[PDB]
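Presented below, as structure tokens, is a lone chain in the form deposited in one PDB entry.
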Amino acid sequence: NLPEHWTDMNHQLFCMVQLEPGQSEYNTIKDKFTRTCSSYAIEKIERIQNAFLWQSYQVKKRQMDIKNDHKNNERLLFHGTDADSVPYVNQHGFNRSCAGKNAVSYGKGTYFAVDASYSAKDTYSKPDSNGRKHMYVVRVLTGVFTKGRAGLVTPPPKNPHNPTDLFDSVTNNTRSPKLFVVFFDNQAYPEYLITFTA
């Protein structure tokens, strides 16, 4: 299942691949980022090759493509975090149990932003001892979503009389989504780690 443009990992389960500026792969991410963070400068963009996380994500993706039929279930979103979390996220991905309370809470889950500018805030992408900030670029199974609310520990039901048939995620605003919250393991794949500085 592992994508054919990945570096061969020598039967190994994980590695970070440093991208070259000039590559379309680095340049599209750099544009995605700079679209809203042109004040910051990119140190490097690493491709995250996590075999196990990839398989789990892809199983969850196929399931949601079957459940929802003809939907764009997948968005490419940003996640700022501190240096001390990068090793865990790289290995194990996004754990809602670890999530910070967001300044505007639309539920108890893992938050993803549309705009790099939002993830670029010191409150998420916290500067390390050397001034380095860290932002993931994340494939997120947003699926069918609704405006969330602070109490949510799972997405709400589409229909109150069928409690178990859930939305896939929640947003801050369904007509102009700037945030998405995700409540399940293996619903986000951390694809790139952007290291940047002022």
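Take the two forms, superpose them, and find the largest set of C-alpha atoms that agree within 1.5 Å; that set is the rigid core. Shifts are known only where both forms have a C-alpha. Heads up: residue numbers just count along the shown sequence, starting at 1.
Not pictured, yet referred to below: the form deposited with a small molecule bound.
field: Distance check, residue 105 to the small molecule in the deposited complex, heavy atom within 4.5 Å
entry: Heavy-atom contact with the small molecule at 4.5 Å: present for residue 105.
message: Would you classify residue 89 as touching the small molecule in the deposited complex, given a 4.5 Å non-hydrogen atom cut-off?
response: Residue-level check for residue 89: no, no contact with the small molecule.
query: Is there a heavy atom of residue 80 lying 4.5 Å or less from a heavy atom of the small molecule in the deposited complex?
result: Judged by the heavy-atom cut-off of 4.5 Å, residue 80 is in contact with the small molecule in the deposited complex.
task: Would you please work out which stretches of at least three consecutive shared residues show Cα displacements of 2 Å or more throughout between this form and the one not shown, after fitting on the rigid core?
output: After superposing the rigid core, the only shifted stretch between this form and the one not shown is 102 to 104.
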